[PDB]
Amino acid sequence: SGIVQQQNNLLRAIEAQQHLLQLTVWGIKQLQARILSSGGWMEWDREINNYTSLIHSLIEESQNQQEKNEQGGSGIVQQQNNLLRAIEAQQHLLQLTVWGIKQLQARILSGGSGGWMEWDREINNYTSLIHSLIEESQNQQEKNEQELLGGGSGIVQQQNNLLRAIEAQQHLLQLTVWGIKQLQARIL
């Protein structure tokens, strides 16, 4: 089934993005131990942990559902909900890493030069874009959860929405990577 297969492709993208996100959290933590001694970093840490455990739980549940679904179509609407929640949670977590990079960048670099003004613009553009895509997916998701009970028209649409959100998230992840790399070359 192409639909089930698409769910698998999305789940696996989220999964791999989750490892990329955790890598950025670590790179930030290294930079933060080199640059600082908390000033909001205690809260930041607790937030990183909270979102990380929630994403894992949503990912695991989506793994559960991927198994059931492989062989009316409610298990795929339900899985879609969890994929959307995983993306929202990842987005929160990525916002945390953005806050972290900015804190550190301000300690050691002026915000002018070096591609930073562009970096800031691009972060704001894709943050707005992924929030709109998330909003569109939530509307679509609520609609799908209504049209069941009780076809797979809004299911394929939702796959499209989730994909676009994933793609915007990837742009944001490439930005945070660039930010972390700049800081690393600078003081590490």
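In this text, residue numbers run from 1 along the sequence as written. Basically, rigid core = biggest C-alpha set you can superpose within 1.5 Å across the two forms.
- After superposing on the rigid core, the larger RMS C-alpha deviation in 5 other deposited structures of this protein belongs to 72 to 80, the other candidate being whichever of 72 to 80 and 95 to 103 remains.
- For the pair 44 to 52 and 141 to 149, greater average C-alpha departure from the shown form in 5 other deposited structures of this protein after core alignment is found in 141 to 149.
- Missing deposited residues between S37 and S38: 1 to 3, all without coordinates in the entry.
- Higher mean CA B-factor, judged across 94 to 102 and 111 to 119 from the recorded values: 111 to 119.
- Higher mean CA temperature factor, per the PDB entry, when comparing 135 to 143 with 39 to 47: 39 to 47.
- Of the candidates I130, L163, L31, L149, the PDB record gives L149 the highest C-alpha temperature factor.
- Split the chain's modelled residues into thirds by C-alpha temperature factor. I76 is in the highest one.
- Per the deposited record, the Cα B-factor of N125 falls in the lowest third when ranked against the other modelled residues of its chain.
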